[PDB]
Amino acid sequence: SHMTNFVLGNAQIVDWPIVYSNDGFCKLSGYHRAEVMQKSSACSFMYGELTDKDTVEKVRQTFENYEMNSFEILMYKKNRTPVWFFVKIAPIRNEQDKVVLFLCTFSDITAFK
């Protein structure tokens, strides 16, 4: 399922703001739900020096183009600890086939990277 840690982003507003974050994501990221809500579901609030900038660009284009893609990406927990995440980005469509949300699912792959 990989539903341990996830957020939902609003596909129909610029920057795809997070409209839901589960307890797992808050724990994994180090950020309280209050701090995550309305941030970009691209999670650029977690990017930093070591984050691969080509990967950041591919992640942006995935949202921009309403695509389904997944990435390994070096991000930073709230306390500045660097962590390798596996991130899956998946558009969610309504019954009229319009993309309304993005489901973004995350796991820590630091141990295996």
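We number the residues from 1 along the sequence you see.
Per-stretch averaging of Cα B factors for 7-15 and 97-105 places 7-15 on top. Per the PDB entry, 70 shows the highest C-alpha temperature factor of the residues 29, 41, 70, 81. In the deposited entry, the Cα temperature factor of residue 46 places it in the lowest third of its chain's modelled residues. When the modelled residues of the chain are ordered by C-alpha B-factor, residue 66 sits in the highest third. Placement of the Cα temperature factor of residue 87 within the chain: lowest third of the modelled residues, per the deposited record. Residue 75: CA B factor lies in the lowest third for its chain, per the PDB record.
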